[PDB]
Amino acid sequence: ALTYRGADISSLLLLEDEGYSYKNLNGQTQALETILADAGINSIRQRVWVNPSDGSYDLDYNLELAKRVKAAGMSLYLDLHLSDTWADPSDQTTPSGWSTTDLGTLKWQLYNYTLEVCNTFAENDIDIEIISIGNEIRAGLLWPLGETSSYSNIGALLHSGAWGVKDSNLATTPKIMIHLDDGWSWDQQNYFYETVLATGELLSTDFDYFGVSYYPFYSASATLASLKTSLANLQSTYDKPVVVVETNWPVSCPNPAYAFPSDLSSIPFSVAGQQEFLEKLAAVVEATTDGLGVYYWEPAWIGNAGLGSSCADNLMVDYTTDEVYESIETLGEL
């Protein structure tokens, strides 16, 4: 098995608030984290926002959710969006209150944030396994100061964030991840790290794990073969372990906006499809020297079945009954 077989279920507490509830494989209502834990899912990924208006995905939200993850027996991976809202390669909005004008000041705010996110978690007695300094930061983070016009700035902000983690009172220090999208592209992956490390503002010893996203429905170049190479090259070149931290496969996709990659076009859009996909992905990752795991993105997000894609349903739960699909078991045995 993979060391880590996970899911990001950040939406859970918001969805429980609206009324919703989940059924296990045997038709009995049960808390989603216990259902998942029972399937072999050993790790839960959670997105963190800094000061969202309505408190979605804030620190308090995450402590509430992480207690339940801890209780259930699973490890915790915090995905620091380092923003008040969605962070991705086309939106990296600096948190309100943080500097859009002074790097010296933004670095301090970031150090303080990671330090004290960590110290609060240590205070509430919750262990953190993985913390990412940004979500999908290939186009940088904390705009404008960390836009890709300044890899020197990005490198320096990462160093600040990492150092807040190291300096916290966590009994065990979380493994620090840098997370880029387009995991399949070695040129994208390598370009970021060589350019940033070349500056000398990020040190190789500032972080522990590579994270990558790997989605099949945003470009026909996302071949399993291209991912195998990207992952192997990241590891050979920089001597660090690699994790696929976000992936989906549709159980229904009638109007894709992009051709699926050539080595995945024979996989159906069904629950069985999801399993075959996850198995083929897991094999790539098992065979990568030091390939530690796979996390599915938002398997249970009722009312957002498309999960942002041009595909109709990417969930691992039946949204007509709120019952989890068998694909959850395949995820847990990867």
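The first residue of the shown sequence is 1; numbering continues from there.
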| query | finding |
| --- | --- |
| 282-290 set against 42-50, stretch whose average Cα temperature factor tops the other in the entry | 282-290 |
| Residue range whose averaged C-alpha B-factor is higher in the record, 72-80 or 165-173 | 165-173 |
| Per the PDB entry, maximal CA B factor within 212, 137, 145, 232 | 232 |
| Per the PDB entry, maximal CA B factor within 151, 86, 113, 217 | 151 |
| Chain thirds of CA B-factor: placement of residue 246 | lowest |
| Entry-reported Cα temperature factor of residue 35, expressed as the chain third it lands in | lowest |
| Within-chain third of residue 20 by Cα B-factor, per the entry | highest |
| Third of the chain, ranked by Cα B-factor, where residue 305 sits | lowest |
| Within-chain third of residue 10 by Cα B-factor, per the entry | lowest |
